[PDB]
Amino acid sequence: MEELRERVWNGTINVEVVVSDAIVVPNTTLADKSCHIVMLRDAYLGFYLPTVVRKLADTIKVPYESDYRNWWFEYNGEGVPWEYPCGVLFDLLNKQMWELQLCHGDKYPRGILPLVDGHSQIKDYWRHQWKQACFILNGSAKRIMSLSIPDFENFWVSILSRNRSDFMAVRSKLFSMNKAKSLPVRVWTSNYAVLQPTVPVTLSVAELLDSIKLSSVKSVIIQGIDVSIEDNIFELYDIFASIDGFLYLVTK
């Protein structure tokens, strides 16, 4: 009923952040170059960047201008596409602790969006994501462009303060499930690519995958839980959409 929605909002994942070999100070203990932090599934890796940098600043041999510019995370030697919520990335990349390396360099890895203005920047992007999931839901950025500044600012703040009722409050002023054209969906392939399937409302997971050539495999990964390829997508959205407005499916 409401039980689930709570667990999801409070979704957590254990994360071990270790300085990368490239920038760590010569032969320092693993314990010293590591730190474990619990991250919210529906949050952004970028929210944790400065904290991680702070905790390990001692073990970093290289010099740095800030706690944002030129930093990124790597999982198994690959840059993490941090513009997606943590939980989504965890579901997509992990083999329950998730190990990431903290890296710094003058040249960002190929394809990784540079994080230069911390929260301000994450804000803008998250914003435009909703400004988008809106069109998908209502054919026009009406409901969302109508929100007063403090009402939206309050929307943002809800994600930082973890005030759920505050979040659901404005989410409502944006869309109603019972009155939505198409729903925001994004599917991850086996090779780590995202498809954004046009799914108008009028479909099961299995039915969605087929129409997009991705079936194989009985369970999908959503919000960290194996969902039967039979479930109803319209429903999976109403309960599992991520803080950015999209329901993410990770194929197996």
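When you see a residue number, it is the position in the sequence shown, counting from 1.
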_Going by the PDB record, how many residues of the deposited sequence fall between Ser216 and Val217 without any coordinates: none, 1 to 3, 4 to 9, or 10 or more?_
1 to 3
_Missing from the model but present in the deposited sequence, between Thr202 and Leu203_ = 1 to 3
*Which wins on mean Cα temperature factor, 47-55 or 223-231?*
223-231
*Look up the CA B-factors in the entry and say which stretch, 153-161 or 173-181, has the higher mean.*
173-181
*Checking the entry, which one of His119, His128, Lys142, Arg110 has the top C-alpha B factor?*
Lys142
*With respect to the C-alpha temperature factors reported in the PDB entry, which of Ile37, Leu40, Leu209, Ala193 ranks highest?*
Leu209
*Classify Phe135 as lowest, middle or highest third according to the C-alpha B-factor given in the PDB entry, relative to its own chain.*
highest
*Give the position of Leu147 by CA B-factor within its chain, expressed as the lowest, middle or highest third.*
highest
*Grab the CA temperature factor for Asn94 from the record and place it in the lowest, middle or highest third of its chain.*
middle
*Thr28: which third of its chain by C-alpha temperature factor?*
highest
